[PDB]
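What's in query.txt: compact mmCIF, C-alpha atoms and all ligand atoms
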# COMPACT_ATOMS: atom_id res chain seq x y z
CA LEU A 3 -19.84 4.68 14.82
CA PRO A 4 -18.40 6.01 18.03
CA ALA A 5 -16.97 9.55 17.84
CA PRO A 6 -13.31 9.65 16.83
CA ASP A 7 -11.06 10.31 19.85
CA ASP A 8 -8.70 13.17 19.12
CA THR A 9 -7.03 13.02 22.53
CA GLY A 10 -6.24 9.39 21.81
CA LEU A 11 -4.96 10.27 18.35
CA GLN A 12 -2.75 12.94 19.83
CA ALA A 13 -1.28 10.43 22.28
CA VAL A 14 -0.61 7.91 19.49
CA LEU A 15 1.35 10.47 17.47
CA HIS A 16 3.29 11.62 20.52
CA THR A 17 4.18 8.03 21.36
CA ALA A 18 5.33 7.43 17.77
CA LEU A 19 7.70 10.39 18.05
CA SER A 20 9.02 9.01 21.37
CA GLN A 21 9.79 5.75 19.55
CA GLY A 22 11.74 7.30 16.69
CA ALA A 23 9.37 8.74 14.13
CA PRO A 24 10.56 12.22 13.14
CA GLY A 25 6.97 13.09 12.32
CA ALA A 26 3.57 11.46 12.50
CA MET A 27 0.11 12.51 11.37
CA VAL A 28 -3.44 11.42 10.78
CA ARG A 29 -6.54 12.57 8.97
CA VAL A 30 -10.05 11.29 9.58
CA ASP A 31 -12.95 12.04 7.24
CA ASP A 32 -15.90 11.34 9.51
CA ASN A 33 -18.90 11.56 7.22
CA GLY A 34 -18.02 15.12 6.21
CA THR A 35 -16.39 16.31 9.45
CA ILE A 36 -12.59 16.39 9.31
CA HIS A 37 -10.16 15.47 12.06
CA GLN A 38 -6.49 16.30 11.44
CA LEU A 39 -3.47 16.03 13.74
CA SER A 40 0.28 16.09 13.19
CA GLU A 41 3.34 16.13 15.41
CA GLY A 42 7.01 16.52 14.58
CA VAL A 43 8.97 17.18 11.45
CA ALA A 44 8.74 16.51 7.75
CA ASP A 45 12.47 17.22 7.42
CA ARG A 46 14.53 16.46 10.51
CA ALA A 47 17.58 18.36 9.25
CA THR A 48 15.80 21.61 8.42
CA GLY A 49 13.17 21.24 11.18
CA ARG A 50 10.25 21.88 8.83
CA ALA A 51 7.08 20.70 10.55
CA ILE A 52 5.02 17.80 9.17
CA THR A 53 1.45 18.52 8.20
CA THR A 54 -1.49 16.44 6.99
CA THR A 55 -1.23 18.03 3.51
CA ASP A 56 2.33 16.76 2.96
CA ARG A 57 2.63 14.25 0.13
CA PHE A 58 4.30 10.94 0.87
CA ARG A 59 5.06 7.47 -0.51
CA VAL A 60 2.12 5.17 0.27
CA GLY A 61 4.06 1.99 -0.33
CA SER A 62 1.94 -1.18 -0.56
CA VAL A 63 -1.30 0.83 -0.46
CA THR A 64 -0.47 0.80 -4.18
CA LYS A 65 -1.68 -2.80 -4.27
CA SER A 66 -5.23 -1.55 -3.78
CA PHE A 67 -4.87 0.80 -6.76
CA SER A 68 -3.56 -2.09 -8.85
CA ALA A 69 -6.42 -4.32 -7.69
CA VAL A 70 -9.02 -1.69 -8.65
CA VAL A 71 -7.62 -1.49 -12.17
CA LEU A 72 -7.62 -5.29 -12.49
CA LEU A 73 -11.17 -5.57 -11.18
CA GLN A 74 -12.38 -2.95 -13.68
CA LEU A 75 -10.74 -5.11 -16.40
CA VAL A 76 -12.79 -8.04 -15.03
CA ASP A 77 -15.92 -5.87 -15.32
CA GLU A 78 -14.97 -5.09 -18.94
CA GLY A 79 -14.59 -8.80 -19.79
CA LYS A 80 -10.81 -8.51 -20.36
CA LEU A 81 -9.72 -10.60 -17.38
CA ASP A 82 -11.02 -13.69 -15.60
CA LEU A 83 -9.96 -13.97 -11.98
CA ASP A 84 -9.90 -17.79 -12.17
CA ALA A 85 -7.82 -18.00 -15.36
CA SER A 86 -4.19 -18.91 -14.98
CA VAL A 87 -1.65 -16.09 -15.00
CA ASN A 88 0.19 -17.89 -17.81
CA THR A 89 -2.94 -17.70 -20.00
CA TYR A 90 -2.21 -13.97 -20.30
CA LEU A 91 1.53 -13.94 -19.78
CA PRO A 92 2.69 -17.16 -21.44
CA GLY A 93 5.60 -18.90 -19.74
CA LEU A 94 5.82 -16.32 -16.98
CA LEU A 95 5.31 -18.56 -13.95
CA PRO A 96 6.67 -22.12 -13.40
CA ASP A 97 3.15 -23.39 -12.63
CA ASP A 98 0.29 -22.90 -15.15
CA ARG A 99 -2.19 -23.62 -12.27
CA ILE A 100 -1.45 -20.28 -10.51
CA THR A 101 -4.47 -18.03 -11.12
CA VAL A 102 -5.04 -14.28 -11.11
CA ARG A 103 -7.24 -14.55 -8.00
CA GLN A 104 -4.47 -16.44 -6.19
CA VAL A 105 -1.90 -13.77 -7.05
CA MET A 106 -4.22 -10.96 -5.93
CA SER A 107 -4.90 -12.62 -2.58
CA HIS A 108 -1.29 -13.74 -1.90
CA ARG A 109 -2.19 -17.44 -2.27
CA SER A 110 0.08 -18.07 -5.26
CA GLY A 111 3.14 -19.42 -3.44
CA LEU A 112 5.43 -17.00 -5.30
CA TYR A 113 8.57 -16.24 -3.30
CA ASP A 114 8.87 -12.68 -2.13
CA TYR A 115 12.03 -11.30 -3.79
CA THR A 116 12.10 -8.42 -1.33
CA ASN A 117 13.36 -10.83 1.36
CA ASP A 118 16.55 -11.09 -0.70
CA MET A 119 16.75 -7.39 -1.39
CA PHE A 120 16.32 -6.18 2.16
CA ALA A 121 18.02 -8.90 4.25
CA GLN A 122 20.02 -5.87 5.43
CA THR A 123 17.79 -2.79 5.54
CA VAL A 124 20.07 0.13 4.70
CA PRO A 125 22.46 -1.76 2.40
CA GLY A 126 19.46 -3.14 0.55
CA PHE A 127 17.99 0.34 0.18
CA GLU A 128 21.33 1.63 -1.10
CA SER A 129 21.36 -1.26 -3.59
CA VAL A 130 17.92 -0.67 -5.12
CA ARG A 131 17.18 3.00 -4.62
CA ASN A 132 18.70 4.19 -7.92
CA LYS A 133 18.02 1.08 -9.99
CA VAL A 134 15.43 0.70 -12.72
CA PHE A 135 13.98 -2.79 -13.03
CA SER A 136 11.66 -4.22 -15.62
CA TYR A 137 8.65 -6.17 -14.39
CA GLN A 138 10.32 -9.27 -15.80
CA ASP A 139 13.52 -8.62 -13.87
CA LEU A 140 11.58 -8.74 -10.57
CA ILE A 141 9.70 -11.91 -11.53
CA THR A 142 13.02 -13.56 -12.48
CA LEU A 143 14.41 -12.64 -9.02
CA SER A 144 11.45 -14.37 -7.37
CA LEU A 145 11.72 -17.42 -9.63
CA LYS A 146 15.32 -18.05 -8.51
CA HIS A 147 13.50 -19.58 -5.53
CA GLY A 148 10.91 -22.33 -5.46
CA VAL A 149 7.42 -21.52 -4.72
CA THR A 150 6.72 -21.76 -1.03
CA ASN A 151 3.35 -23.57 -1.17
CA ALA A 152 0.91 -25.10 -3.61
CA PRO A 153 -1.32 -22.73 -5.69
CA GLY A 154 -4.15 -21.33 -3.68
CA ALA A 155 -3.10 -23.21 -0.59
CA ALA A 156 -1.71 -20.77 1.92
CA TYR A 157 -1.58 -17.03 2.49
CA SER A 158 1.94 -15.68 2.06
CA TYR A 159 2.31 -12.00 1.41
CA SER A 160 4.57 -11.38 -1.55
CA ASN A 161 5.46 -8.27 -3.54
CA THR A 162 5.93 -10.60 -6.51
CA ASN A 163 2.16 -11.00 -6.74
CA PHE A 164 1.62 -7.29 -7.40
CA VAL A 165 4.53 -7.17 -9.87
CA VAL A 166 2.48 -9.78 -11.74
CA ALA A 167 -0.52 -7.45 -11.33
CA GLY A 168 1.29 -4.61 -13.07
CA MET A 169 2.40 -6.91 -15.91
CA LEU A 170 -1.13 -8.03 -16.41
CA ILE A 171 -2.40 -4.47 -16.51
CA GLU A 172 0.13 -3.39 -19.07
CA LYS A 173 -0.23 -6.49 -21.26
CA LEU A 174 -4.02 -6.47 -21.37
CA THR A 175 -4.48 -2.71 -21.85
CA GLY A 176 -1.45 -1.85 -23.96
CA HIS A 177 -0.91 1.11 -21.61
CA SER A 178 1.41 1.86 -18.78
CA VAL A 179 0.23 1.42 -15.21
CA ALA A 180 0.62 5.17 -14.74
CA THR A 181 -1.87 5.82 -17.58
CA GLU A 182 -4.31 3.25 -16.20
CA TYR A 183 -4.14 4.62 -12.63
CA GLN A 184 -4.61 8.16 -13.98
CA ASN A 185 -7.56 7.41 -16.23
CA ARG A 186 -9.39 4.88 -14.02
CA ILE A 187 -8.74 6.30 -10.55
CA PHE A 188 -6.81 9.57 -10.14
CA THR A 189 -8.75 11.65 -12.63
CA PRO A 190 -12.27 10.34 -11.87
CA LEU A 191 -11.78 10.88 -8.10
CA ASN A 192 -9.89 14.18 -8.55
CA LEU A 193 -6.91 12.93 -6.57
CA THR A 194 -4.81 16.08 -7.01
CA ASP A 195 -2.07 14.91 -4.64
CA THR A 196 -1.75 11.43 -6.14
CA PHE A 197 0.94 10.42 -8.60
CA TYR A 198 2.76 7.49 -10.14
CA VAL A 199 6.03 8.89 -11.49
CA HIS A 200 8.23 5.78 -11.66
CA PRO A 201 11.16 5.79 -12.20
CA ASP A 202 11.43 9.46 -11.21
CA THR A 203 12.89 9.96 -7.74
CA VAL A 204 11.34 13.39 -7.06
CA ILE A 205 8.17 13.72 -4.97
CA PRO A 206 6.11 16.48 -6.59
CA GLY A 207 5.18 19.37 -4.31
CA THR A 208 5.51 19.77 -0.59
CA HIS A 209 6.26 16.40 0.98
CA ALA A 210 7.35 14.60 4.09
CA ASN A 211 10.87 13.30 3.84
CA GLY A 212 11.28 9.62 4.67
CA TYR A 213 13.78 8.38 7.27
CA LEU A 214 14.92 4.79 7.18
CA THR A 215 15.79 3.34 10.58
CA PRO A 216 18.97 1.27 10.38
CA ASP A 217 19.00 -2.33 11.65
CA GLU A 218 21.49 -1.30 14.35
CA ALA A 219 19.87 -0.02 17.50
CA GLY A 220 20.61 3.66 18.05
CA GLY A 221 22.03 4.16 14.55
CA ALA A 222 21.64 7.39 12.63
CA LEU A 223 18.62 7.75 10.38
CA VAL A 224 19.05 7.64 6.61
CA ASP A 225 17.11 10.03 4.34
CA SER A 226 15.25 7.65 2.01
CA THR A 227 12.94 10.23 0.40
CA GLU A 228 14.19 10.10 -3.17
CA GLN A 229 14.28 6.71 -4.82
CA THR A 230 12.89 5.12 -7.99
CA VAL A 231 10.73 2.61 -6.09
CA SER A 232 11.41 0.47 -9.21
CA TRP A 233 11.82 -2.55 -6.97
CA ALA A 234 8.06 -2.33 -6.27
CA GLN A 235 6.25 -0.46 -9.10
CA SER A 236 2.61 -1.68 -9.15
CA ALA A 237 3.27 -3.26 -5.74
CA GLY A 238 4.42 -0.03 -4.05
CA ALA A 239 5.26 3.19 -5.97
CA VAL A 240 2.17 5.49 -5.65
CA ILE A 241 2.59 8.93 -4.07
CA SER A 242 -0.46 10.42 -2.29
CA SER A 243 -1.81 12.41 0.64
CA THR A 244 -4.03 11.67 3.61
CA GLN A 245 -6.97 13.44 1.95
CA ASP A 246 -6.58 11.51 -1.27
CA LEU A 247 -6.22 8.09 0.35
CA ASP A 248 -9.35 8.86 2.41
CA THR A 249 -11.17 9.79 -0.79
CA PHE A 250 -9.94 6.63 -2.55
CA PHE A 251 -10.92 4.11 0.14
CA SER A 252 -14.24 5.85 0.74
CA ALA A 253 -14.99 5.63 -2.97
CA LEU A 254 -13.96 1.99 -3.03
CA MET A 255 -16.06 0.87 -0.05
CA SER A 256 -19.08 2.93 -1.09
CA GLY A 257 -19.21 1.18 -4.47
CA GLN A 258 -17.92 3.85 -6.86
CA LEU A 259 -14.92 2.09 -8.41
CA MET A 260 -16.27 -1.21 -9.87
CA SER A 261 -19.37 -3.31 -10.09
CA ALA A 262 -20.98 -4.67 -6.96
CA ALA A 263 -19.99 -8.17 -8.12
CA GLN A 264 -16.29 -7.30 -8.32
CA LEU A 265 -16.32 -5.44 -4.99
CA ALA A 266 -17.76 -8.61 -3.44
CA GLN A 267 -14.88 -10.63 -4.95
CA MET A 268 -12.45 -8.07 -3.59
CA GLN A 269 -13.83 -8.65 -0.08
CA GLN A 270 -13.68 -12.45 -0.06
CA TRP A 271 -11.30 -12.75 2.91
CA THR A 272 -8.34 -15.07 3.16
CA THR A 273 -7.21 -15.36 6.78
CA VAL A 274 -3.99 -13.47 7.61
CA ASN A 275 -4.11 -13.87 11.37
CA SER A 276 -6.79 -13.98 14.03
CA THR A 277 -7.68 -10.29 13.57
CA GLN A 278 -6.93 -9.75 9.86
CA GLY A 279 -7.95 -10.85 6.40
CA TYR A 280 -6.76 -10.23 2.87
CA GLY A 281 -9.17 -9.97 -0.07
CA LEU A 282 -7.95 -8.97 -3.56
CA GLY A 283 -5.37 -6.27 -2.91
CA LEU A 284 -7.31 -5.22 0.18
CA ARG A 285 -6.86 -5.75 3.93
CA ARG A 286 -9.41 -6.24 6.68
CA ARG A 287 -8.44 -5.30 10.25
CA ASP A 288 -10.66 -6.27 13.19
CA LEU A 289 -10.58 -3.62 15.93
CA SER A 290 -10.93 -4.14 19.63
CA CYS A 291 -14.44 -2.69 19.78
CA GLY A 292 -15.83 -5.17 17.29
CA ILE A 293 -15.60 -2.90 14.22
CA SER A 294 -13.78 -4.13 11.10
CA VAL A 295 -12.11 -1.65 8.72
CA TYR A 296 -10.91 -2.08 5.18
CA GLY A 297 -7.92 -0.69 3.28
CA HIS A 298 -4.18 -1.27 3.20
CA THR A 299 -0.86 -0.58 4.88
CA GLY A 300 2.41 0.58 3.40
CA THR A 301 6.07 0.33 4.54
CA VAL A 302 8.26 1.69 1.72
CA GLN A 303 11.59 2.98 2.97
CA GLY A 304 11.01 5.79 5.43
CA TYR A 305 7.20 5.79 5.36
CA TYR A 306 4.70 3.80 7.38
CA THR A 307 1.09 4.21 6.12
CA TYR A 308 -2.28 3.06 7.38
CA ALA A 309 -5.30 3.86 5.16
CA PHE A 310 -8.61 2.25 6.17
CA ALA A 311 -12.32 2.94 5.86
CA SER A 312 -15.52 1.62 7.37
CA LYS A 313 -17.59 -0.89 5.43
CA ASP A 314 -19.82 1.77 3.83
CA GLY A 315 -16.95 4.21 3.25
CA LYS A 316 -18.50 6.91 5.44
CA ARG A 317 -15.49 7.15 7.76
CA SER A 318 -11.94 6.94 6.42
CA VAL A 319 -8.63 7.32 8.19
CA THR A 320 -5.09 7.76 6.83
CA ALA A 321 -2.09 7.84 9.18
CA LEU A 322 1.57 8.32 8.25
CA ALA A 323 4.80 8.21 10.22
CA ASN A 324 7.92 9.21 8.22
CA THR A 325 10.08 6.35 9.34
CA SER A 326 10.22 2.68 8.55
CA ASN A 327 12.08 -0.38 9.91
CA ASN A 328 10.86 0.53 13.39
CA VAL A 329 8.23 -1.91 14.54
CA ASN A 330 7.55 0.10 17.74
CA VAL A 331 6.43 2.95 15.51
CA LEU A 332 4.55 0.62 13.17
CA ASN A 333 2.62 -0.94 16.03
CA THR A 334 1.92 2.40 17.67
CA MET A 335 0.59 3.91 14.44
CA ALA A 336 -1.91 1.05 14.10
CA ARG A 337 -3.56 2.46 17.22
CA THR A 338 -4.79 5.45 15.17
CA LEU A 339 -7.46 3.05 13.83
CA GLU A 340 -8.57 2.26 17.41
CA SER A 341 -8.87 5.91 18.34
CA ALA A 342 -10.47 6.97 15.06
CA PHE A 343 -13.07 4.16 14.76
CA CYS A 344 -13.58 2.84 18.30
CA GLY A 345 -13.24 6.17 20.05
CA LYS A 346 -12.72 6.82 23.72
CA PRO A 347 -12.81 3.79 25.94
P1 LIG A 401 4.76 -2.55 0.99
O1 LIG A 401 6.06 -2.97 0.35
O2 LIG A 401 4.68 -1.13 1.50
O3 LIG A 401 4.26 -3.50 2.07
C1 LIG A 401 4.74 -4.39 2.95
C2 LIG A 401 6.04 -4.94 2.93
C3 LIG A 401 6.45 -5.83 3.91
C4 LIG A 401 5.52 -6.14 4.90
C5 LIG A 401 4.23 -5.58 4.92
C6 LIG A 401 3.76 -4.77 3.96
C7 LIG A 401 2.44 -4.08 4.01
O4 LIG A 401 2.18 -3.37 4.96
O5 LIG A 401 1.58 -4.22 3.05

Go ahead and express the file in the form of structure tokens.
Ligand SMILES: *P(=O)([O-])Oc1ccccc1C(=O)[O-]
Amino acid sequence: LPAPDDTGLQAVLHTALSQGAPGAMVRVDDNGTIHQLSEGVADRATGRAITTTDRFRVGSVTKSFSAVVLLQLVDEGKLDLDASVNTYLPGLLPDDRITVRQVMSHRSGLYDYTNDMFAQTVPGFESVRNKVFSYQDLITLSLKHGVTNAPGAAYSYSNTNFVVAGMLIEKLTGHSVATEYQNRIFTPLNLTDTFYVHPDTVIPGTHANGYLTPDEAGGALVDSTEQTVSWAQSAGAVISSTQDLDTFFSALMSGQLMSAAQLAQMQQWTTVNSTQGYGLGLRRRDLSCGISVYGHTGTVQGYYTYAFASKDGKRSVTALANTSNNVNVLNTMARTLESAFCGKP
């Protein structure tokens, strides 16, 4: 790989701040050599500086954790990716043709309930932030709407799919998702900054606060740090750090978290757009220099995450900006992958 470009990383972070991120940071593990940069504030009211050791909400990066647990259950003979969801969770979905593999790759047609929840960003946050939902409650919210496409037929990202994932985990193991994440992932990889505390609202330890951008241009930021994340659960509620996400995706890509056969299933790409794919709870991004990287994004209120590794896991990158609902910032932060993997132009 090209050398990571720290000057380019610096510029990306600075641009993100100029676009409304209170703070922005990035860590690169380059085959044992660390790159770490941060700019701005973890807490915009106190002025406390952001740092790459600050814990944060990884949002939909959680889907990759959920997928790892499911794929280990496949390895153990407890789950068949091509069995129908309703084989395991009778009567859950309106169509007994929707399979586990389709849910995990967003090909199920299940309506994304979050489009109802967050039609208005800040009011929707205020509505859900202190609520506790069951898995079933979230599925019922989706099922108020028709499916959007035939099973398997179309890619359509939906939180509902990874709510199903958490249900499946809990039903088949008899354990909570927190227990499964801890025993299968957090403990074996020694992820000392990684937690699943749902429905607790506290972020353990030193953390970046999250700042939700309102839908109204120029509006005041809303502190969205403390919330249950019950609206997402196994689709979105993991807490981590840049070091731990780097460790996790390196371990994944280098073959440490499941059999080779299941990793290959995880990397069967469904087209997302001309430069992206989706596997089983896993994203592929194609970079300008002809490198692809593998991992996931997150956008939970107040936190934009990128966490991606090279194919062999030897270079991993995690970037965080502590705002959300700010596509300028989202788009800018994607450029950390360019600078970290493609290097200087
Ligand atoms: P998670 O809920 O963090 O996620 C989302 C939600 C909406 C759009 C995109 C994504 C993502 O980046 O995976």

Problem set entry | One-decimal distance in Å that lies between atom CA of residue A:321 and atom CA of residue A:307 |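 A separation of 5.7 Å between them.
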
Problem set entry | Of the listed residues A:150, A:60, A:300, A:309, that which approaches residue A:332 most closely, counting all atoms listed in the file | A:300

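The two atoms in question, atom CA of residue A:16 and atom CA of residue A:211, are spaced 18.4 Å apart.
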
Seminar exercise, completed: Min atom-atom distance to ligand LIG 401 (chain A) from the set A:165, A:76, A:263, A:193, counting all atoms listed in the file, belongs to A:165

Padded axis-aligned box of ligand LIG 401 (chain A) (4 Å per side), centre and edge lengths, Å, one decimal, as AutoDock Vina command-line options:
--center_x 4.0 --center_y -3.6 --center_z 2.7 --size_x 12.9 --size_y 13.0 --size_z 12.6

Give the residues close to ligand LIG 401 (chain A), within 6 Å, counting all atoms listed in the file; write them as a short mmCIF file (atom, residue, chain, number, x, y, z; two decimals) with C-alpha atoms, in the frame of the given file.
data_model
loop_
_atom_site.label_atom_id
_atom_site.label_comp_id
_atom_site.auth_asym_id
_atom_site.auth_seq_id
_atom_site.Cartn_x
_atom_site.Cartn_y
_atom_site.Cartn_z
CA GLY A 61 4.06 1.99 -0.33
CA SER A 62 1.94 -1.18 -0.56
CA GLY A 238 4.42 -0.03 -4.05
CA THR A 299 -0.86 -0.58 4.88
CA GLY A 300 2.41 0.58 3.40
CA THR A 301 6.07 0.33 4.54
CA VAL A 302 8.26 1.69 1.72
#

For this session: Between A:286, A:209, A:99, A:346, single out the one closest to residue A:53, counting all atoms listed in the file.
Result: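 With all atoms listed in the file as the atom set, the closest residue is A:209.
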
Mind dumping a table of every stretch 295-321 of chain A residue within 12 Å of stretch 19-28 of chain A, with the nearest atom pair and its distance in Å to one decimal, using only C-alpha atoms, sorted by chain and rising number, as CSV?
residue,atom,partner,partner_atom,distance
A:304,CA,A:23,CA,9.3
A:305,CA,A:23,CA,9.5
A:306,CA,A:26,CA,9.3
A:307,CA,A:28,CA,9.7
A:308,CA,A:28,CA,9.1
A:309,CA,A:28,CA,9.6
A:310,CA,A:28,CA,11.5
A:318,CA,A:28,CA,10.6
A:319,CA,A:28,CA,7.1
A:320,CA,A:28,CA,5.6
A:321,CA,A:28,CA,4.1

Problem set entry | Atom-to-atom span, atom CA of residue A:327 and atom CA of residue A:219, Å | 10.9 Å

Exercise. Hey, what's within 10 Å of residue A:96 if we count only C-alpha atoms and toss same-chain stuff fewer than 4 positions away? As a list in words, please?
Worked result: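 Skipping anything fewer than 4 positions along the chain leaves residues 88, 100, 112, 145, 148 and 149 of chain A.
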
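Of the listed residues A:179, A:111, A:12, A:42, the one whose atoms come nearest to residue A:95 is A:111, with distances taken using all atoms listed in the file.
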
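Using all atoms listed in the file, the shortest contact distance between residue A:180 and any of A:297, A:220, A:292, A:168 is found at A:168.
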
For this session: Within 12 Å of residue A:347, counting all atoms listed in the file, which residues show up once you throw out same-chain ones fewer than 4 positions away? Write them as a ChimeraX atom specification, please.
Result: /A:4-7,9-10,290-291,340-343

For this session: Please provide as a list in words all residues within 10 Å of stretch 265-268 of chain A, with the sequence filter that same-chain residues fewer than 6 positions apart are discarded (counting only C-alpha atoms).
Result: residues 66, 69, 70, 73, 74, 83, 103, 106, 107, 254, 255, 256, 257, 258, 259, 280, 281, 282, 283, 284 and 285 of chain A

Go ahead and dump the residues you just picked, C-alpha atoms, as an mmCIF file, keeping the file's coordinate frame.
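Produced file out.cif, reproduced below:
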data_model
loop_
_atom_site.group_PDB
_atom_site.id
_atom_site.type_symbol
_atom_site.label_atom_id
_atom_site.label_comp_id
_atom_site.auth_asym_id
_atom_site.auth_seq_id
_atom_site.Cartn_x
_atom_site.Cartn_y
_atom_site.Cartn_z
ATOM 1 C CA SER A 66 -5.230 -1.550 -3.780
ATOM 2 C CA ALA A 69 -6.420 -4.320 -7.690
ATOM 3 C CA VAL A 70 -9.020 -1.690 -8.650
ATOM 4 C CA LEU A 73 -11.170 -5.570 -11.180
ATOM 5 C CA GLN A 74 -12.380 -2.950 -13.680
ATOM 6 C CA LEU A 83 -9.960 -13.970 -11.980
ATOM 7 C CA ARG A 103 -7.240 -14.550 -8.000
ATOM 8 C CA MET A 106 -4.220 -10.960 -5.930
ATOM 9 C CA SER A 107 -4.900 -12.620 -2.580
ATOM 10 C CA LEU A 254 -13.960 1.990 -3.030
ATOM 11 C CA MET A 255 -16.060 0.870 -0.050
ATOM 12 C CA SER A 256 -19.080 2.930 -1.090
ATOM 13 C CA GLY A 257 -19.210 1.180 -4.470
ATOM 14 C CA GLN A 258 -17.920 3.850 -6.860
ATOM 15 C CA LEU A 259 -14.920 2.090 -8.410
ATOM 16 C CA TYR A 280 -6.760 -10.230 2.870
ATOM 17 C CA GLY A 281 -9.170 -9.970 -0.070
ATOM 18 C CA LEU A 282 -7.950 -8.970 -3.560
ATOM 19 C CA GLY A 283 -5.370 -6.270 -2.910
ATOM 20 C CA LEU A 284 -7.310 -5.220 0.180
ATOM 21 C CA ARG A 285 -6.860 -5.750 3.930
#

Problem set entry | Expected answer as a ChimeraX atom specification: all residues with atoms within 7 Å of (4.3, 15.1, 4.1), all atoms listed in the file | /A:44,52-58,208-211

Seminar exercise, completed: Counting only C-alpha atoms, the residue among A:191, A:167, A:323, A:329 that lies closest to residue A:43 is A:323

For this session: Would you list the contacts of residue A:192 as a list in words, taking every protein, DNA or RNA residue within 10 Å and counting all atoms listed in the file, but skipping same-chain residues closer than 3 positions in sequence?
Result: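 The neighbour list is residues 184, 187, 188, 189, 195, 196, 246, 249 and 250 of chain A.
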
Exercise. So which residues touch residue A:172 within 12 Å, counting only C-alpha atoms, skipping near sequence neighbours fewer than 3 positions away, as a PyMOL selection string?
Worked result: chain A and resi 68+71-72+75+90-91+137+165-169+175-183+236

Grab the residues selected above and save them as an mmCIF file, in the coordinates of the input with C-alpha atoms.
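That gives us part05.cif:
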data_model
loop_
_atom_site.group_PDB
_atom_site.id
_atom_site.type_symbol
_atom_site.label_atom_id
_atom_site.label_comp_id
_atom_site.auth_asym_id
_atom_site.auth_seq_id
_atom_site.Cartn_x
_atom_site.Cartn_y
_atom_site.Cartn_z
ATOM 1 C CA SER A 68 -3.560 -2.090 -8.850
ATOM 2 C CA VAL A 71 -7.620 -1.490 -12.170
ATOM 3 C CA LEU A 72 -7.620 -5.290 -12.490
ATOM 4 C CA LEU A 75 -10.740 -5.110 -16.400
ATOM 5 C CA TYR A 90 -2.210 -13.970 -20.300
ATOM 6 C CA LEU A 91 1.530 -13.940 -19.780
ATOM 7 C CA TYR A 137 8.650 -6.170 -14.390
ATOM 8 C CA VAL A 165 4.530 -7.170 -9.870
ATOM 9 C CA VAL A 166 2.480 -9.780 -11.740
ATOM 10 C CA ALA A 167 -0.520 -7.450 -11.330
ATOM 11 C CA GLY A 168 1.290 -4.610 -13.070
ATOM 12 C CA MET A 169 2.400 -6.910 -15.910
ATOM 13 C CA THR A 175 -4.480 -2.710 -21.850
ATOM 14 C CA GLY A 176 -1.450 -1.850 -23.960
ATOM 15 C CA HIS A 177 -0.910 1.110 -21.610
ATOM 16 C CA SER A 178 1.410 1.860 -18.780
ATOM 17 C CA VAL A 179 0.230 1.420 -15.210
ATOM 18 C CA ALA A 180 0.620 5.170 -14.740
ATOM 19 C CA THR A 181 -1.870 5.820 -17.580
ATOM 20 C CA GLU A 182 -4.310 3.250 -16.200
ATOM 21 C CA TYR A 183 -4.140 4.620 -12.630
ATOM 22 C CA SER A 236 2.610 -1.680 -9.150
#

For this session: Name the residues, using the chain letters and numbers of the file, that sit within 9 Å of (-14.0, -15.5, 2.6) when counting only C-alpha atoms, and give them as a list in words.
Result: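 Those within range, by chain then number, are residues 269, 270, 271, 272, 273, 279, 280 and 281 of chain A.
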